Structures are given as structure tokens and as C-alpha cells.
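Protein chains: 2
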Amino acid sequence: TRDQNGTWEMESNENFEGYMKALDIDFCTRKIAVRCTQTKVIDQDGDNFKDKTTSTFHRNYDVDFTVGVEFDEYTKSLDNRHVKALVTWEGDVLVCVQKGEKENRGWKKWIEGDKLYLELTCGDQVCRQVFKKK
Amino acid sequence: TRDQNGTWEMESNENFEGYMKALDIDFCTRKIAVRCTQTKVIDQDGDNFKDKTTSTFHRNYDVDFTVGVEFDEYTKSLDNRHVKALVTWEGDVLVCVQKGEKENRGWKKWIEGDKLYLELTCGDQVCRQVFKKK
Numbered sequence: 001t002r003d004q005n006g007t008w009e010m011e012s013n014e015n016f017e018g019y020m021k022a023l024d025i026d027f028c029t030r031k032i033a034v035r036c037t038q039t040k041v042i043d044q045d046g047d048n049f050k051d052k053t054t055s056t057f058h059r060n061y062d063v064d065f066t067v068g069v070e071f072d073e074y075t076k077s078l079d080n081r082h083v084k085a086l087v088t089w090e091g092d093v094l095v096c097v098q099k100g101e102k103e104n105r106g107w108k109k110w111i112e113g114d115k116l117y118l119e120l121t122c123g124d125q126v127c128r129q130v131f132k133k134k
Numbered sequence: 135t136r137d138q139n140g141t142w143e144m145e146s147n148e149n150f151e152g153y154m155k156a157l158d159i160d161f162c163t164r165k166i167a168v169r170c171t172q173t174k175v176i177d178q179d180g181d182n183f184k185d186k187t188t189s190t191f192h193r194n195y196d197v198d199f200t201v202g203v204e205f206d207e208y209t210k211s212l213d214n215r216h217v218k219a220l221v222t223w224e225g226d227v228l229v230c231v232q233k234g235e236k237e238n239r240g241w242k243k244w245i246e247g248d249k250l251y252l253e254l255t256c257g258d259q260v261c262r263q264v265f266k267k268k
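Residue numbers (this note's numbering), protein chains in the order written: chain A, 1 to 134; chain B, 135 to 268.
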């Protein structure tokens, strides 16, 4: 049949790497591409085609802790280091010190209204993230 | 408030790059991380916390065309090249030639049984992908 309409999920993919190398695509772009599942949404009206390809993947980083109990954190998919992490309350702020190779490494986390605030520190570098409640 | 329970979706992220460089993280890992959106699911029981952060990469690539009408394609989900793409029917197979810098570059797309087949060619490298209805 000629009718390709529908939403399609990729089930096998052979020699994706050999093809991307022939296109001279760099190592990192290739690494992202091979991790993605692919969904094709095809809308076909006779000889008129609309093809939307969605590339996606997801990874999880999970930490469990008790306030006041030191725990070993292995920072997988970040810098892959071991730190000794200790979380305390300072007011209504959750404060963590990650003792290890890097000095002044830690974070602070707190709620204000309907937003969660996260400040990640290493050395002189601070990263500030803001999350909104779903 | 001290209640951090819930699902939190990241809305802003400042100096994530400077923080990761202070952790000595390589180019590719830094590249993937800054492109992911972030969702934090926090389960809080007194001072006991579980924080599951999911990092999601998600991109859409849309091509629209009419069979037999040449169109301009910018391959942003692969090698970011401009090609002149022309799609024709060969029987019930959709055949495309992507005219441009790369020699013998094109693809073929067809339905066989109940699955969608996509064969991508550049030079002597062929990639075969198979899709099922989702």
C-alpha cells in the first residue's frame, strides 16, 4: 500500500552510526542521536506529505537522604565523583555540603510561593535553577 | 514553607555551564546536559527526602513535501546541510534524492506488511530503520 498515515514508533535501527559518519557528523552529535527513541507522525493527503520526527530520551538522577545523616553520593552523569553529603536545615532552607575533592561544593534548596529554588555551588561558580509546581 | 512534596518543572537555569566546568566535566556531557529539560519529583516524609530528577532531551524535525516537487531541506537533526530534495514514486516505494555536497545521498520509505521501512543512504553507507504503529 501507499498509505503511510499514522504515528510510528521505531523498533529497529541498523548501521545508524555508519550513516552518520558518512555525513561527517561529530562524535557528540552521534552520541545524542543513538540514545534517542524516534516517533514519526505522518500525515498524507494523496501526494501531499507532512512528516514530523520526534527524537527523545530521558535519564534519571535519584538521591535519598535524611536531614542530619551523612551519606555517600556518587554523582553519576554529572562529574562521576564520590562526595560525603550532609544536609541540614538553616531556617526554611535545605543546605547541603558535599565534602570531597572540590572545595566549596554544595547546594541550597527552598520553597517560595509555588516555586522551588535550587542553588548549586562549586568554587566560585554558582548555578541558580527555578522550578514551578506542576 | 518546608513542604517540598510534588512535581516541579524547571523554568530557568542560569550559569549551568560555569558550574559544570568547575566540576571538570567534558564537552559532550556538558553539551547533552544543557540541552535537557528537568523535572524534579520530591517525596518528603518529615526529614526523609527522596528526590528523583529526570533529564529529558526532546526535539522535533518536520519535513513537508509534495511528491515530484523539489523542496529545500536543512538537515538540522543530522549534519545541518542544505540539500535540494526531490521525492518520487517507484511503484509503491517513496524515493528521495537529496542533491547537495554529499554524493549518492537519499532515502526510501515504504510499507511492508504492517510496518514502516526507512532506508537512509549516503555514499556506501546504508541505514535501515523499521517502525511499528504506536
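Beta carbons are placed, not taken as given, at the ideal position from N, Cα and C, and that holds for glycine.
Neighbouring residues, chain A, relative to residue i (Cβ below 7 Å)
| i | result |
| --- | --- |
| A219 of chain B | The contacting residues do not exist; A219 of chain B stays about 11 Å from chain A at best. |
| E145 of chain B | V130, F131, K132 |
| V197 of chain B | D51 |
Chain-ordered neighbours of residue i on chain B, where CB pairs are closer than 7 Å
| i | result |
| --- | --- |
| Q98 of chain A | Here the premise fails: no neighbours, minimum Cβ distance about 11 Å. |
Cβ of residue i within 8 Å of any chain A Cβ
| i | result |
| --- | --- |
| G240 of chain B | no |
| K210 of chain B | no |
| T222 of chain B | no |
Limits of the beta strand (DSSP E) - the one that residue i falls within
| i | result |
| --- | --- |
| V63 of chain A | 48-66 |
| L228 of chain B | 227-233 |
| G240 of chain B | 239-246 |
| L116 of chain A | 115-122 |
| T222 of chain B | 216-224 |
| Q4 of chain A | Unbroken run through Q4 of chain A: none, as it is neither H nor E. |
| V264 of chain B | 259-267 |
| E70 of chain A | Taken as a continuous stretch (DSSP letters only), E70 of chain A belongs to no beta strand (DSSP E), as it is neither H nor E. |
Beta carbon proximity, residue i to chain B, threshold 8 Å
| i | result |
| --- | --- |
| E14 of chain A | yes |
| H58 of chain A | yes |
| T66 of chain A | yes |
| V126 of chain A | yes |
| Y117 of chain A | no |
| residue 195 of chain A | Residue numbering for chain A in the displayed model covers 1 to 134; residue 195 of chain A lies beyond these limits and cannot be assessed. |
Residues that residue i contacts on chain B, provided the C-beta gap is smaller than 9 Å
| i | result |
| --- | --- |
| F71 of chain A | The contacting residues do not exist; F71 of chain A stays about 11 Å from chain B at best. |
| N5 of chain A | Near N5 of chain A there are no residues of chain B at all, since even the closest Cβ is about 10 Å away, more than 9 Å. |
Contact belief for residue i with residue j at Cβ below 8 Å, rounded distance in angstroms
| i | j | result |
| --- | --- | --- |
| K132 of chain A | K115 of chain A | 6 Å |
| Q138 of chain B | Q178 of chain B | 5 Å |
| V264 of chain B | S55 of chain A | Not quite, the Cβ-Cβ distance comes to about 16 Å (not below 8 Å), so this is no contact. |
| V175 of chain B | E151 of chain B | Actually they are not in contact, since the Cβ atoms of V175 of chain B and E151 of chain B sit about 25 Å apart, beyond 8 Å. |
| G240 of chain B | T222 of chain B | With 8 Å as the limit, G240 of chain B and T222 of chain B do not qualify as a contact, their Cβ atoms being about 10 Å apart. |
| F191 of chain B | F57 of chain A | 5 Å |
Residue i: contacting residues in chain B (beta-carbon distance under 8 Å)
| i | result |
| --- | --- |
| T1 of chain A | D226, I245 |
| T39 of chain A | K268 |
Endpoints, the alpha helix (DSSP H) within which residue i is located
| i | result |
| --- | --- |
| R30 of chain A | 27-35 |
| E17 of chain A | 16-22 |
Any C-beta of chain E under 8 Å from that of residue i
| i | result |
| --- | --- |
| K242 of chain B | The question asks about chain E, but that chain is absent: this structure's protein chains are A and B. |
Proximity test, residue i beta-carbon vs the ligand SAH heavy atom, cut-off 7 Å
| i | result |
| --- | --- |
| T53 of chain A | The ligand SAH is not among the ligands present in this structure, which contains no ligands whatsoever. |
Counting beta carbon pairs with one atom in the stretch 14-28 of chain A and one in the stretch 258-265 of chain B, are three or more of them shorter than 8 Å? yes
If contact is defined by three or more beta carbon pairs under 8 Å, each pair taking one atom from either stretch, is the stretch 174-188 of chain B in contact with the stretch 46-64 of chain A? yes
Counting Cβ pairs, one atom from each stretch, are 3 or more of them under 8 Å apart for the stretch 225-235 of chain B and the stretch 210-217 of chain B? yes
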